[PDB]
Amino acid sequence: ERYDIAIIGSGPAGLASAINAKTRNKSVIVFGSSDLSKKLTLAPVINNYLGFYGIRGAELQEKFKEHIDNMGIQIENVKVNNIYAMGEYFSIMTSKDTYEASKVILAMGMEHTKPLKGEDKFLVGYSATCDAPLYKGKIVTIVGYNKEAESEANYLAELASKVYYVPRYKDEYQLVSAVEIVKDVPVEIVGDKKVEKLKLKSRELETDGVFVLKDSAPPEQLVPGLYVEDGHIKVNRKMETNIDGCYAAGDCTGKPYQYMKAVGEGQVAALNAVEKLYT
């Protein structure tokens, strides 16, 4: 069961894209939070959205929610881990299930930056579960942004000679004794030919491999092969990325961050996505 269009994100762009795709009798799936967008609900008063002078964020969020519910649009309350462009279609990966769709539209908003990772990505990791056998009997460091990262760190302890776990969140850590917890702020990854050490504010760690397990993945990693410049997804006038049949709209594209641009960008993506299904 493959949908015609898959929308990544439930913000203004994602919803604006959704209603236009649903208007033209194409099957649509929207991945996101039960709450449309934290920014929509949080905004105190919005004067630059045309037609809703002086509307509260939560109040505007209500108007959008009514729109999709009245149109029979349901949000799939899951987070998208990865999206693999197969050529004719896109495979979407989620921990709870796997979906595939013929077209994709990205509405991810903003994500956290990476410190000196991209210098030696080949000799760095992102999957962890994929690369654990390679580092048998070697030093491994993990930067964890969520609980799933802790579990991967416990897994690494089985294979590696030494495992460091650096938590970026303040919580009790469910970790085996073998894992060493390092409560410091990552700064830089350094190596001559390959990664050799991870430098923190007040500590230095000599390690063969560094894994950065992130809660909010960047667009480039979420969608392998996506061309990203200046920290925002590249899009042409029609909202097309470097990957054919993969669109992007909203804060992710990189223009001024506003609702009305976000909805417009989402609409243009959806209408063009529909066009490509035919011809």
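Heads up: residue numbers just count along the shown sequence, starting at 1.
- Going from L123 to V124, you skip over 1 to 3 residues of the deposited sequence that the entry leaves unmodelled.
- If you average the C-alpha B-factors over 58-66 and over 243-251, the higher value belongs to 58-66.
- Higher mean CA temperature factor between 159-167 and 185-193: 185-193, per the PDB entry.
- Residue-level inspection of the entry shows that, of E150, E180, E88, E119, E119 has the top Cα B-factor.
- The deposited CA B-factor of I5 belongs to the middle third of values across its chain.
- In the deposited entry, the Cα temperature factor of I73 places it in the highest third of its chain's modelled residues.
- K38: CA B factor in the highest third of modelled residues in this chain (values from the PDB entry).
- Among the modelled residues of its chain, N154 has a C-alpha B-factor that falls in the middle third, as given in the PDB entry.
- Compared with the other modelled residues of the chain, the Cα B-factor recorded for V274 ranks in the middle third.
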